[PDB]
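Structural features, examined
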Amino acid sequence: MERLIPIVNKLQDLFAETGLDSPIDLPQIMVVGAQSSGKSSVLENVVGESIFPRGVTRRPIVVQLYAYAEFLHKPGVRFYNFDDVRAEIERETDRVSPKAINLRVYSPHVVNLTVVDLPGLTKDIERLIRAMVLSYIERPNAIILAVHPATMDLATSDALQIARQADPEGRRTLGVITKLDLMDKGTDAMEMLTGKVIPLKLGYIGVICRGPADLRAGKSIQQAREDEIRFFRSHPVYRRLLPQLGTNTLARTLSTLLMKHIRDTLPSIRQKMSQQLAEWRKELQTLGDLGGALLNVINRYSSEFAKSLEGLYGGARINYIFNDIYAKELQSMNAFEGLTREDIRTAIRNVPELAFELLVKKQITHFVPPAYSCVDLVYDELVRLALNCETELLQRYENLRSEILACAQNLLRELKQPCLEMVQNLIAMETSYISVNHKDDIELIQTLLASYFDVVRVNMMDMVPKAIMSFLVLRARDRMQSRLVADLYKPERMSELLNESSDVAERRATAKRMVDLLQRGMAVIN
């Protein structure tokens, strides 16, 4: 169905008019990249005209496709000059931030598509960008587009790592590899592109885009895509990969994924908008006890948190990170990894069992980093559960909402240190005792090394989830019920602090600036 992408666009403009003060969780694609990826060139390559500013964007840019353009902050403007479109992006950046710029570009050499560009990361202002990106990718219905150059490592990529912070398995995360003309054998990007190594479950698309020197001489985007097709066609190893690659393929893939994602998420979105509309109308009625309000509102958030973490979620994903990721990482760490035949002979020169203990002890140490990673991947899921609940939550939440999120996030920081220490201790117990009474020189030792290491691998795959459940996931639930209440009812700042949440009983009309937009948005879904 074509209609779905124009319906989502009408919902985005409305929210922005709203100013995108969240509330809704619309289904959309969010671009995450470092500044040196060339994400601006990827966006120019999709549109076909040179509309992105070059040579510090401080706002999200929402880009919708249907040459001319029009801007939501200039209603009914038929910009027939693409230089004025680029200059307006500079002006509406300099004029001010989470408030989106919405730019509708209409060209017929583009597909029906909608994409949101975010400020790029660099290798406190950067942390404000990094926090700003999280406000858009924590979102349950948001697809993450992770734009990485083949010039660099993709495993240690900032954009991949921040995507992991909201999606530890890359479930709703899609990879884009730029600069395939600068790819050699010495990078992860080739193995990821050929599907043999999967970090991201929506796949990998590779592109070639206008570089610095290229874009510094007026090279056309149409010509650059013709260059891109030509380069994949004549390259010795990319000739087999051409029907899965390029800007033309990327545009088809993005449109195809977005259209399906909108259709399957649309039933729940329609229910959610109706629920928020009913309750925000009650808030507008109310504005025309204080202690009972804090107790009821905080206690519901505690039950919303507990249930989601038991098994949108939460519990099923927490089970997925343990059993469908941490298990796969540990099951693909090899016995005899790094250790050569020469290492075993070196240990023998320094009773076979004494050589075995020294070799096993080194081999066991390699389970500390995935075991560490498993704790953080769960933390990344747990912090996001607050944001999932924040979108289900009644928009009617003054300084109380932000303080609840701040308390919940800081509470997760408390248990990170004991959980990590216990995970380090579990690996260290095995390296301290190496028990052979558990239920061809180098040949024998290599056999013994594998036999004990596989038993240790079984012990540390099951035990580390159990430690994370004890010191983080279970401990967080029980605690949230009373610690979240205690501080919110102890500063003495309350109820002045609570009262502070009052806004003078005036902000209620504005909540309407919020009620009206759902009434309009419901009419766009009917």
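Residues numbered from 1 in each chain as written, not as in the entry; some residues may be left out. Heavy atoms only, no water. Residues with missing side-chain atoms left out of burial classes, pairs and counts.

With respect to the overall build of the protein chain
For the protein chain, the helix and strand inventory stands at 18 helices and eight strands. Over its C-alpha atoms the protein chain spans a radius of gyration of 27 Å, differing by no more than 12% from the 24 Å that the globule rule assigns to 526 residues. When the backbone C-alpha atoms are referred to their principal axes, the protein chain occupies close to 85 × 70 × 40 Å. (Helix = DSSP H or I, 4+ residues; strand = E, 2+ residues; numbered from the N terminus. Rg over C-alpha atoms; globule rule 2.2 N^0.38 Å.)

Focus on the domain arrangement of the protein chain
Each assigned domain of the protein chain is listed with its residue range as follows: domain 1 (4-250) and domain 2 (288-505). The gap between the C-alpha centroids of domain 1 and domain 2 is 32 Å. Each partner contributes to the interface: domain 1 provides six residues, whereas domain 2 provides four residues. Tallied by class, the residues present in the side of domain 1 that touches domain 2 amount to two nonpolar, one polar and three charged. (Domains from an automatic or database assignment. Contact = heavy atoms within 4.5 Å. Nonpolar A, V, L, I, M, F, W, Y, C, P; charged D, E, K, R; others polar.)

Notes on the environment of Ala67
Tracing the sequence through the fold places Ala67 in the loop between β2 (61-65) and β3 (68-71). Here the alpha-carbon distance between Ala67 and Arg78, two residues eleven residues apart in the chain, equals 9.8 Å.

Details of the sheet that holds β2
For sheets, the rule is that strands pair by backbone hydrogen bonds, running either parallel or antiparallel. Strand order in the open sheet formed by eight strands is β3-β4-β2-β5-β1-β6-β7-β8, with mixed pairing between adjacent strands. Edge strands, defined here as strands with exactly one partner in the open sheet, are β3 and β8 (204-206). Taking the axes of each pair of neighbouring strands and ignoring which way they run, one obtains an average angle of 25° across the sheet. For strand β1 (residues 28-33) and strand β6 (residues 142-149), the ladder comprises six bridges, and the chain directions are parallel. The residue bridging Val31 from the neighbouring strand is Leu145, located in β6. (Pairing = 2+ DSSP bridges. Axes fitted to C-alpha atoms, helices over the stretch in contact; angles between N-to-C directions.)

Remarks on the environment of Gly170
Within the secondary structure, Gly170 sits in the loop between α5 (158-166) and β7 (173-178). Spatially, the C-alpha atom of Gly170 lies 35 Å from that of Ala278, the residues being 108 residues apart in sequence. The residues touching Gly170, leaving out its near neighbours within four places in the chain, are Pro199, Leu200, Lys201 and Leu202.

Examining unusual backbone geometry
With an omega dihedral of 10°, the bond running from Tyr313 to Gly314 counts as a cis peptide bond. Relative to the assigned elements, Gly314 resides in the loop between α10 (290-310) and α11 (315-332). Omega for the bond connecting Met494 with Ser495 falls within 30 degrees of zero, at 0°, which places this linkage in the cis form. For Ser495, the position within the fold is in the loop between α16 (441-487) and α17 (496-500). For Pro23, which is not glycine, the phi torsion reads 80° and is therefore positive. Positionally, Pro23 belongs in the loop between α1 (4-18) and β1. Of note, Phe336 is a non-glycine position whose phi angle comes to about 80°, a positive value. Mapped onto the elements, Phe336 comes out in the loop between α11 and α12 (341-349).

Re the pairing of strand β5 (residues 113-117)
Every other side chain in a regular strand lies on the same face of the sheet, so the side chains alternate between the two faces. In this sheet, β5 lies alongside β1 in parallel orientation, the contact comprising two bridges. Bridged to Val31 within β5 is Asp117. Here five bridges tie β2 to β5, and the two strands are oriented antiparallel to one another. Counterpart to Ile61 in the pairing with β5 is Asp117.

Details of the pairing of β7
Of the strand pairs in this sheet, β6 and β7 are connected by six bridges, and their pairing is parallel. Counted as the bridge partner of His148 is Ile177 from β7. Once you follow β6 into α5 and on to β7, the crossover reads as right-handed. (Right-handed = clockwise from strand over helix to strand, strands pointing away.)

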